[PDB]
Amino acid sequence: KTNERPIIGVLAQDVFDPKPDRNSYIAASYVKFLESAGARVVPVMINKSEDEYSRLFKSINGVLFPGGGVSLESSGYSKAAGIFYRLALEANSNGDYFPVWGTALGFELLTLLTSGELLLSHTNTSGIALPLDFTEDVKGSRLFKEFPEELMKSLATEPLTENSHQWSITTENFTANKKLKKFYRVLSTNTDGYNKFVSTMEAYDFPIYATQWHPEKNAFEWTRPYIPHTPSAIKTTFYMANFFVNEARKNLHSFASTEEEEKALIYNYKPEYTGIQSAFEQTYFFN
């Protein structure tokens, strides 16, 4: 039994200098990321109650934690992500399949949510494109199981992944942490020349996937000269999202009514053109 109309949540995050109708945002490339693989998208708002998130959680089929620059500890974003993370562990544990994806900031958050500790250190990775240095465990992985061979070889040898993060979790800090070592299979690592860090990982026992890099940029962001845009960079963004949405199709939650489904969808919101200056071509702002 499969859900061919998956709806996935994307978490909004705190705007730095917030105003009314401008309290949180979502970069449109994360919306496009998921839509292209045949999902619809609901924005998850920031300063809501446990019950409101619980109602939405039970309605949607997966959730993505996007990149950005807010606090992993004290932000509306971190708090809402922690609520989704416990709900997802509950559901999966009970036997309902519910996938979670973390990108950049979202990857960092997951290391903090699962280990209890802030384990991040500085890496020179603020706007650089890298290949993936796959680990010994990529072989039987879930994430990359459905990628073409030629694409796997291009990922290993071509600079296909966009990194814009001032922090990483070194492989040394990761491996020294008992909780993370047991919880997550590391699929790729990378180096800035000085420190080797985790770049792609998936939970052993849960459908939880995370990248330190930004798969959604290659097809959808054109603002910066280090964003990969070769043909295999484009297929990378499709195959990454294809895997995740195929995860969401294993989840059978639905909204109570088509009416409530219709009001929650991203189609209710119009993004602003931010690409003349911002790293993001388009950005959704929310009250």
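Heads up: residue numbers just count along the shown sequence, starting at 1.
- For the pair 98-106 and 143-151, the mean Cα B-factor is higher in 143-151.
- For the pair 254-262 and 214-222, the mean B factor over Cα atoms is greater in 254-262.
- Annotation for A129, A88, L119, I208: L119 ranks highest, by Cα B-factor.
- Of the residues listed, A203, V198, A176, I83, the entry assigns the biggest Cα temperature factor to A176.
- Residue-level temperature factors show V70 in the highest third of its chain, judged at the C-alpha atom.
- In this PDB entry, the Cα temperature factor of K48 sits in the top third of its chain's modelled residues, the highest group.
- Ranked by Cα temperature factor within the chain, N190 sits in the highest third according to the deposited record.
- Ranked by C-alpha B-factor against the other modelled residues of its chain, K58 falls in the middle third.
- In the PDB entry, a CA B factor belonging to the lowest third of its chain's modelled residues is recorded for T161.
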